[PDB]
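entry_13.csv (CSV, C-alpha atoms and all ligand atoms)
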chain,number,residue,atom,x,y,z
L,1,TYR,CA,-54.7,-59.0,56.4
L,2,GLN,CA,-52.9,-61.8,58.2
L,3,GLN,CA,-49.9,-60.9,60.5
L,4,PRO,CA,-46.9,-63.1,61.4
L,5,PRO,CA,-46.9,-64.4,65.0
L,6,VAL,CA,-44.9,-62.3,67.5
L,7,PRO,CA,-41.4,-63.7,68.0
L,8,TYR,CA,-40.2,-64.6,71.5
L,9,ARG,CA,-37.0,-63.2,72.8
L,10,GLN,CA,-37.6,-65.1,76.0
L,11,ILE,CA,-39.8,-67.9,77.3
L,12,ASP,CA,-42.3,-65.5,79.1
L,13,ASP,CA,-43.4,-63.8,75.9
L,14,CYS,CA,-45.3,-66.9,74.6
L,15,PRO,CA,-49.1,-67.1,75.1
L,16,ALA,CA,-50.0,-69.4,78.1
L,17,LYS,CA,-52.0,-71.8,75.9
L,18,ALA,CA,-49.2,-72.5,73.6
L,19,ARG,CA,-46.4,-72.3,76.3
L,20,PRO,CA,-46.1,-76.0,77.3
L,21,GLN,CA,-45.9,-77.1,73.7
L,22,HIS,CA,-43.4,-74.3,73.1
L,23,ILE,CA,-41.3,-75.4,76.1
L,24,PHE,CA,-41.5,-79.0,74.9
L,25,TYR,CA,-40.2,-77.9,71.5
L,26,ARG,CA,-37.3,-75.7,72.9
L,27,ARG,CA,-36.0,-78.7,74.8
L,28,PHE,CA,-36.8,-81.2,72.1
L,29,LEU,CA,-35.1,-79.2,69.3
L,30,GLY,CA,-32.1,-78.2,71.4
L,31,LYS,CA,-29.2,-77.0,69.3
L,32,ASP,CA,-31.1,-77.6,66.0
L,33,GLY,CA,-33.5,-74.9,67.2
L,34,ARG,CA,-30.8,-72.3,67.3
L,35,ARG,CA,-30.0,-70.0,64.4
L,36,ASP,CA,-27.5,-70.9,61.7
L,37,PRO,CA,-26.3,-68.0,59.5
L,38,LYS,CA,-24.4,-70.4,57.3
L,39,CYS,CA,-27.6,-72.3,56.3
L,40,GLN,CA,-30.2,-70.9,53.9
L,41,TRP,CA,-34.0,-71.2,54.5
L,42,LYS,CA,-34.9,-73.6,51.8
L,43,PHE,CA,-36.7,-76.1,53.9
L,44,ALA,CA,-40.0,-76.3,55.8
L,45,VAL,CA,-42.6,-78.6,57.4
L,46,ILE,CA,-46.3,-78.2,56.4
L,47,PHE,CA,-48.8,-79.3,59.0
L,48,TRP,CA,-52.5,-79.6,58.1
L,49,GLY,CA,-55.8,-80.5,59.8
L,50,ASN,CA,-59.4,-79.3,60.3
L,51,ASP,CA,-58.8,-77.5,63.6
L,52,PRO,CA,-57.2,-74.1,63.3
L,53,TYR,CA,-57.0,-73.8,67.1
L,54,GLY,CA,-54.5,-76.6,67.4
L,55,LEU,CA,-52.5,-75.4,64.4
L,56,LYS,CA,-52.4,-71.9,66.0
L,57,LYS,CA,-50.8,-73.3,69.2
L,58,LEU,CA,-48.3,-75.2,66.9
L,59,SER,CA,-47.7,-72.0,65.1
L,60,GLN,CA,-47.2,-70.0,68.3
L,61,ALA,CA,-45.0,-72.8,69.7
L,62,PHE,CA,-42.6,-73.0,66.8
L,63,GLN,CA,-40.9,-69.6,67.2
L,64,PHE,CA,-37.2,-70.2,67.6
L,65,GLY,CA,-33.9,-69.0,66.1
L,66,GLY,CA,-33.7,-71.8,63.6
L,67,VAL,CA,-37.4,-72.7,63.5
L,68,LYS,CA,-40.0,-70.1,62.6
L,69,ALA,CA,-43.7,-71.0,61.9
L,70,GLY,CA,-45.9,-68.9,59.7
L,71,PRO,CA,-49.4,-67.9,60.8
L,72,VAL,CA,-52.4,-70.2,60.5
L,73,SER,CA,-53.2,-70.5,56.8
L,74,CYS,CA,-55.4,-72.8,54.7
L,75,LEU,CA,-55.3,-74.9,51.5
L,76,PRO,CA,-57.5,-73.9,48.6
L,77,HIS,CA,-60.8,-75.6,48.2
L,78,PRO,CA,-60.4,-79.1,46.6
L,79,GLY,CA,-63.8,-78.8,44.8
L,80,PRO,CA,-65.8,-76.2,42.9
L,81,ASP,CA,-67.8,-75.4,46.0
L,82,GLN,CA,-66.7,-74.2,49.4
L,83,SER,CA,-65.7,-77.2,51.6
L,84,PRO,CA,-64.8,-77.7,55.2
L,85,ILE,CA,-61.6,-75.7,55.5
L,86,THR,CA,-58.3,-77.6,55.7
L,87,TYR,CA,-56.1,-75.3,57.7
L,88,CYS,CA,-52.3,-75.4,57.5
L,89,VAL,CA,-49.1,-74.0,59.0
L,90,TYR,CA,-45.7,-73.8,57.3
L,91,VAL,CA,-42.8,-74.3,59.8
L,92,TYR,CA,-39.7,-73.0,58.1
L,93,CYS,CA,-36.2,-74.4,58.8
L,94,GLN,CA,-32.7,-73.9,57.6
L,95,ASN,CA,-31.8,-77.6,56.9
L,96,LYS,CA,-33.6,-80.7,55.7
L,97,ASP,CA,-32.6,-82.5,59.0
L,98,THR,CA,-34.3,-79.9,61.2
L,99,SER,CA,-37.5,-80.2,59.1
L,100,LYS,CA,-37.5,-84.0,59.8
L,101,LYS,CA,-36.9,-83.3,63.4
L,102,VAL,CA,-39.7,-80.8,63.7
L,103,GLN,CA,-42.0,-83.3,62.0
L,104,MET,CA,-41.2,-85.9,64.7
L,105,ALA,CA,-41.3,-83.3,67.4
L,106,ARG,CA,-45.0,-82.9,66.7
L,107,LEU,CA,-45.3,-86.7,66.5
L,108,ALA,CA,-43.7,-86.9,69.9
L,109,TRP,CA,-46.1,-84.3,71.2
L,110,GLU,CA,-49.1,-86.1,69.7
L,111,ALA,CA,-48.1,-89.5,71.2
L,112,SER,CA,-47.6,-87.8,74.6
L,113,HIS,CA,-51.0,-86.0,74.4
L,114,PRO,CA,-54.0,-87.9,73.1
L,115,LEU,CA,-56.1,-84.7,73.3
L,116,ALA,CA,-54.0,-83.1,70.5
L,117,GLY,CA,-55.2,-83.7,67.0
L,118,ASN,CA,-53.6,-86.1,64.6
L,119,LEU,CA,-52.0,-83.6,62.2
L,120,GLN,CA,-51.1,-84.7,58.7
L,121,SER,CA,-47.7,-83.4,57.6
L,122,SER,CA,-45.1,-83.2,54.9
L,123,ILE,CA,-41.5,-82.0,54.4
L,124,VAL,CA,-41.2,-79.0,52.1
L,125,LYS,CA,-38.2,-78.0,49.9
L,126,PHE,CA,-37.7,-74.7,48.2
L,127,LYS,CA,-35.5,-74.0,45.2
L,128,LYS,CA,-34.6,-70.5,46.3
L,129,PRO,CA,-33.8,-69.3,49.9
L,130,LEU,CA,-36.5,-67.3,51.6
L,131,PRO,CA,-35.9,-63.8,53.0
L,132,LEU,CA,-35.7,-64.9,56.7
L,133,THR,CA,-32.0,-63.9,57.1
Q,1,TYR,CA,-59.4,-67.4,61.2
Q,2,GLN,CA,-58.2,-67.1,57.7
Q,3,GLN,CA,-60.4,-68.5,54.9
Q,4,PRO,CA,-59.5,-70.0,51.5
Q,5,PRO,CA,-60.2,-68.1,48.2
Q,6,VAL,CA,-63.6,-68.7,46.5
Q,7,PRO,CA,-63.7,-71.3,43.7
Q,8,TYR,CA,-65.2,-70.3,40.3
Q,9,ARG,CA,-67.6,-72.4,38.2
Q,10,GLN,CA,-67.4,-69.6,35.6
Q,11,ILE,CA,-65.4,-66.5,34.7
Q,12,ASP,CA,-68.2,-64.1,35.8
Q,13,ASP,CA,-67.9,-65.5,39.3
Q,14,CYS,CA,-64.3,-64.3,39.6
Q,15,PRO,CA,-63.8,-61.0,41.6
Q,16,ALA,CA,-63.6,-57.9,39.3
Q,17,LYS,CA,-60.1,-56.8,40.2
Q,18,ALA,CA,-58.6,-60.2,39.5
Q,19,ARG,CA,-60.6,-60.9,36.4
Q,20,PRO,CA,-58.1,-59.4,33.9
Q,21,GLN,CA,-55.3,-61.5,35.4
Q,22,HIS,CA,-57.5,-64.6,35.7
Q,23,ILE,CA,-58.5,-64.6,32.1
Q,24,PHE,CA,-54.9,-64.2,31.0
Q,25,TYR,CA,-53.8,-67.2,33.2
Q,26,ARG,CA,-56.7,-69.3,31.8
Q,27,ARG,CA,-55.5,-68.8,28.3
Q,28,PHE,CA,-51.7,-69.0,29.0
Q,29,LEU,CA,-52.0,-72.2,31.1
Q,30,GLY,CA,-54.4,-73.6,28.6
Q,31,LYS,CA,-54.7,-77.4,28.9
Q,32,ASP,CA,-52.2,-77.4,31.8
Q,33,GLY,CA,-54.8,-75.5,33.9
Q,34,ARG,CA,-57.1,-78.5,34.0
Q,35,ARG,CA,-57.3,-81.1,36.6
Q,36,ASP,CA,-55.6,-84.6,36.4
Q,37,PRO,CA,-56.9,-87.3,38.8
Q,38,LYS,CA,-53.9,-89.4,37.8
Q,39,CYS,CA,-51.5,-86.7,39.2
Q,40,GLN,CA,-50.9,-86.0,42.8
Q,41,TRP,CA,-50.7,-82.6,44.4
Q,42,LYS,CA,-47.0,-82.5,45.4
Q,43,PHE,CA,-45.9,-79.2,43.9
Q,44,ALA,CA,-46.4,-75.5,44.4
Q,45,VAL,CA,-45.1,-72.0,43.6
Q,46,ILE,CA,-44.6,-69.5,46.4
Q,47,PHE,CA,-45.0,-65.8,45.4
Q,48,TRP,CA,-43.9,-63.2,48.0
Q,49,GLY,CA,-43.8,-59.4,48.1
Q,50,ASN,CA,-44.6,-56.4,50.3
Q,51,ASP,CA,-48.0,-55.7,48.9
Q,52,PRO,CA,-50.9,-58.0,50.1
Q,53,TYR,CA,-53.4,-56.4,47.6
Q,54,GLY,CA,-51.4,-57.4,44.5
Q,55,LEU,CA,-50.9,-60.9,46.0
Q,56,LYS,CA,-54.6,-61.1,46.7
Q,57,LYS,CA,-55.4,-60.4,43.1
Q,58,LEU,CA,-52.8,-63.1,42.1
Q,59,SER,CA,-54.4,-65.5,44.6
Q,60,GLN,CA,-57.9,-64.8,43.2
Q,61,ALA,CA,-56.5,-65.1,39.6
Q,62,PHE,CA,-55.1,-68.6,40.1
Q,63,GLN,CA,-58.2,-70.7,40.5
Q,64,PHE,CA,-58.3,-73.6,38.0
Q,65,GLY,CA,-58.8,-77.3,38.0
Q,66,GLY,CA,-55.1,-78.2,38.1
Q,67,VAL,CA,-53.9,-74.9,39.6
Q,68,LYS,CA,-55.3,-73.6,42.9
Q,69,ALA,CA,-53.8,-70.8,45.1
Q,70,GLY,CA,-54.1,-70.4,48.8
Q,71,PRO,CA,-55.1,-67.2,50.5
Q,72,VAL,CA,-52.7,-64.3,51.3
Q,73,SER,CA,-50.4,-65.5,54.1
Q,74,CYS,CA,-47.1,-64.2,55.3
Q,75,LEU,CA,-43.6,-65.2,56.4
Q,76,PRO,CA,-42.5,-64.8,60.1
Q,77,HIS,CA,-40.5,-61.9,61.4
Q,78,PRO,CA,-36.8,-62.5,60.6
Q,79,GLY,CA,-35.6,-60.8,63.8
Q,80,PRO,CA,-36.6,-60.6,67.5
Q,81,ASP,CA,-38.2,-57.2,66.8
Q,82,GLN,CA,-41.0,-56.5,64.3
Q,83,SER,CA,-40.0,-55.6,60.7
Q,84,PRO,CA,-42.0,-54.7,57.6
Q,85,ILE,CA,-44.2,-57.7,56.7
Q,86,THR,CA,-43.4,-60.1,53.8
Q,87,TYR,CA,-46.7,-61.4,52.5
Q,88,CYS,CA,-46.9,-64.6,50.5
Q,89,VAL,CA,-49.2,-66.8,48.4
Q,90,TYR,CA,-48.7,-70.5,47.6
Q,91,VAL,CA,-50.0,-71.7,44.2
Q,92,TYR,CA,-50.6,-75.4,44.3
Q,93,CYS,CA,-49.9,-77.5,41.1
Q,94,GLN,CA,-50.1,-81.2,40.2
Q,95,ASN,CA,-46.7,-81.4,38.5
Q,96,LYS,CA,-43.3,-79.7,38.4
Q,97,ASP,CA,-43.8,-78.8,34.8
Q,98,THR,CA,-47.0,-76.9,35.5
Q,99,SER,CA,-45.5,-75.2,38.5
Q,100,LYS,CA,-42.7,-73.8,36.3
Q,101,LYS,CA,-45.4,-72.7,33.8
Q,102,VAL,CA,-47.3,-70.9,36.6
Q,103,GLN,CA,-44.1,-69.2,37.7
Q,104,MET,CA,-43.5,-67.7,34.3
Q,105,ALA,CA,-47.2,-67.0,33.9
Q,106,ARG,CA,-46.8,-64.3,36.5
Q,107,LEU,CA,-43.6,-63.1,34.9
Q,108,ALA,CA,-45.5,-62.8,31.6
Q,109,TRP,CA,-48.1,-60.7,33.5
Q,110,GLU,CA,-45.4,-58.6,35.1
Q,111,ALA,CA,-43.8,-58.1,31.7
Q,112,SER,CA,-47.3,-57.3,30.3
Q,113,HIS,CA,-48.0,-54.8,33.0
Q,114,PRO,CA,-45.1,-52.7,34.4
Q,115,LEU,CA,-47.6,-51.3,37.0
Q,116,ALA,CA,-47.8,-54.7,38.6
Q,117,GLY,CA,-45.4,-55.5,41.4
Q,118,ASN,CA,-42.3,-57.6,40.9
Q,119,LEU,CA,-42.9,-60.8,43.0
Q,120,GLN,CA,-40.1,-63.0,44.1
Q,121,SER,CA,-41.0,-66.7,43.5
Q,122,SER,CA,-39.7,-70.2,44.0
Q,123,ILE,CA,-40.9,-73.7,43.0
Q,124,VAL,CA,-42.0,-75.9,45.8
Q,125,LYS,CA,-41.8,-79.7,46.2
Q,126,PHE,CA,-43.7,-81.6,48.9
Q,127,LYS,CA,-42.6,-85.1,50.1
Q,128,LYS,CA,-46.1,-86.2,50.8
Q,129,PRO,CA,-49.2,-85.5,48.6
Q,130,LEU,CA,-51.7,-82.7,49.5
Q,131,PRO,CA,-55.5,-83.3,50.0
Q,132,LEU,CA,-56.8,-81.4,47.0
Q,133,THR,CA,-58.2,-84.5,45.3
Q,134,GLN,CA,-61.7,-85.1,44.0
V,201,CL,CL,-53.4,-79.8,69.2
V,202,CL,CL,-42.7,-86.1,54.9
V,203,CL,CL,-37.6,-71.2,41.5

Starting from the file, give its structure as structure tokens.
Ligand SMILES: [Cl-]
Ligand SMILES: [Cl-]
Ligand SMILES: [Cl-]
Amino acid sequence: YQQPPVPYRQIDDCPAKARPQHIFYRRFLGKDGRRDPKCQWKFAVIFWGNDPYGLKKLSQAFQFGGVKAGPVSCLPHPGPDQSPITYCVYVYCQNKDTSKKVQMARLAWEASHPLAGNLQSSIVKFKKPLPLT
Amino acid sequence: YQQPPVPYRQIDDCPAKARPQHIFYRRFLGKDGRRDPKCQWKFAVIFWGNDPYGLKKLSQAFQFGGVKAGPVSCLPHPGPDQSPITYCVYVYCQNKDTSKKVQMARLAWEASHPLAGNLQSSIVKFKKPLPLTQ
């Protein structure tokens, strides 16, 4: 079964391929990236595309105190037959504002690097808080 | 990389372990289990627990026209060190009403089978629609 990505206590623990995107995010996010005990995890950003490799680096990059990305997952088949897999990554946050910021953080990264894929995305809102405390 | 659950054209195509739960969901959901082109995929139910095998059965059980579950995924480690894994499964719906019905569909199953694990769940709302059309 799938395992959650290994959390980084420091910068050097992140894989080399996802490191520059990670560094970009740590600086981009700033304070928002830090952990807030007062806020509940009821918000997330869903990223989806056809390339799991790119979503993997996004997943590996988004490992912070206030931003934690789940592993690479996928959406169910849209049709009655198996289709080309649409992969996806849920990037969980503590507040709605951080979710919007993460969404743009990717947009900033995509505009900076044309090699990166044009990921589709959406803000996610949960009714109950998730066990990430 | 992870793969999405297989879609069924008929009940006999559903995996054997998930068949008893699938047939129950097909009846309970009834008309709500069917697909609506007019509706957009902006809603979901996230189930989570410690047992991936139960969630895998749930995942395989929920495969309908208007209700489709993703594979067995998981939530990230809460702390800097590794802790016992919290597995999860998103069940995608077309409306909030159906998502509530799916949520209680499992609760009905849990009430129907005390052997089944007690899965924590929450309704999900997406700002932008998801590509599960046509
Ligand atoms: Cl990329
Ligand atoms: Cl959005
Ligand atoms: Cl809920």

Original post:
Counting only C-alpha atoms, which residues of chain L come no farther than 6 Å from chain Q, as a ChimeraX atom specification?
Top reply: /L:4,7,9,70,74-76,78,80,122-128,132

Go ahead and dump the residues you just picked, C-alpha atoms, as a short mmCIF file (atom, residue, chain, number, x, y, z; two decimals), keeping the file's coordinate frame.
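Written out: out.cif:
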data_model
loop_
_atom_site.label_atom_id
_atom_site.label_comp_id
_atom_site.auth_asym_id
_atom_site.auth_seq_id
_atom_site.Cartn_x
_atom_site.Cartn_y
_atom_site.Cartn_z
CA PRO L 4 -46.90 -63.10 61.40
CA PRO L 7 -41.40 -63.70 68.00
CA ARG L 9 -37.00 -63.20 72.80
CA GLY L 70 -45.90 -68.90 59.70
CA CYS L 74 -55.40 -72.80 54.70
CA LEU L 75 -55.30 -74.90 51.50
CA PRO L 76 -57.50 -73.90 48.60
CA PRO L 78 -60.40 -79.10 46.60
CA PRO L 80 -65.80 -76.20 42.90
CA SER L 122 -45.10 -83.20 54.90
CA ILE L 123 -41.50 -82.00 54.40
CA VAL L 124 -41.20 -79.00 52.10
CA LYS L 125 -38.20 -78.00 49.90
CA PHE L 126 -37.70 -74.70 48.20
CA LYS L 127 -35.50 -74.00 45.20
CA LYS L 128 -34.60 -70.50 46.30
CA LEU L 132 -35.70 -64.90 56.70
#

Given 5 Å on each side, where is the centre and what are the edge lengths in Å to one decimal of the axis-aligned box enclosing the listed atoms of segment 36-41 of chain Q, as AutoDock Vina command-line options?
--center_x -53.8 --center_y -86.0 --center_z 40.4 --size_x 16.2 --size_y 16.8 --size_z 18.0

Margin query: Excluding segment 29-34 of chain L and its own-chain neighbours fewer than 3 positions away, which residues fall within 7 Å of it when counting only C-alpha atoms? Please give them as a ChimeraX atom specification.
Written below: /L:25-26,64-67,98

**Request:** Set the cut-off to 6 Å, count all atoms listed in the file, and list whatever residues fall near ligand CL 201 (chain V) as a PyMOL selection string.
**Result:** chain L and resi 54+116-117

Write out as a PyMOL selection string the residues lying within 9 Å of residue 105 of chain Q, counting only C-alpha atoms and excluding same-chain residues fewer than 2 positions away. chain Q and resi 24-25+28-29+100-103+107-110

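Minimum atom-to-atom distance to ligand CL 203 (chain V), evaluated using only C-alpha atoms and all ligand atoms, belongs to Q:97 out of Q:32, Q:97, Q:51, Q:12.
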
Inset, instruction - Point out the residue among L:27, L:35, L:101, L:17 with the least atom-to-atom distance to ligand CL 202 (chain V), counting all atoms listed in the file. - result: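 Among L:27, L:35, L:101, L:17, it is L:101 that comes nearest to ligand CL 202 (chain V).
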
- Message: Ranking L:69, L:15, L:21, L:133 by minimum distance to residue 113 of chain L and counting only C-alpha atoms, which one comes first?
- Response: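 Smallest distance to residue 113 of chain L is found for L:21.
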
Q | Pick from Q:62, Q:104, Q:49, Q:34, whichever lies nearest to ligand CL 203 (chain V) using all atoms listed in the file | A |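 Closest to ligand CL 203 (chain V) of all the choices is Q:104.
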
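When atom CA of residue 98 of chain Q is paired with atom CA of residue 39 of chain L, their separation reads 28.8 Å.
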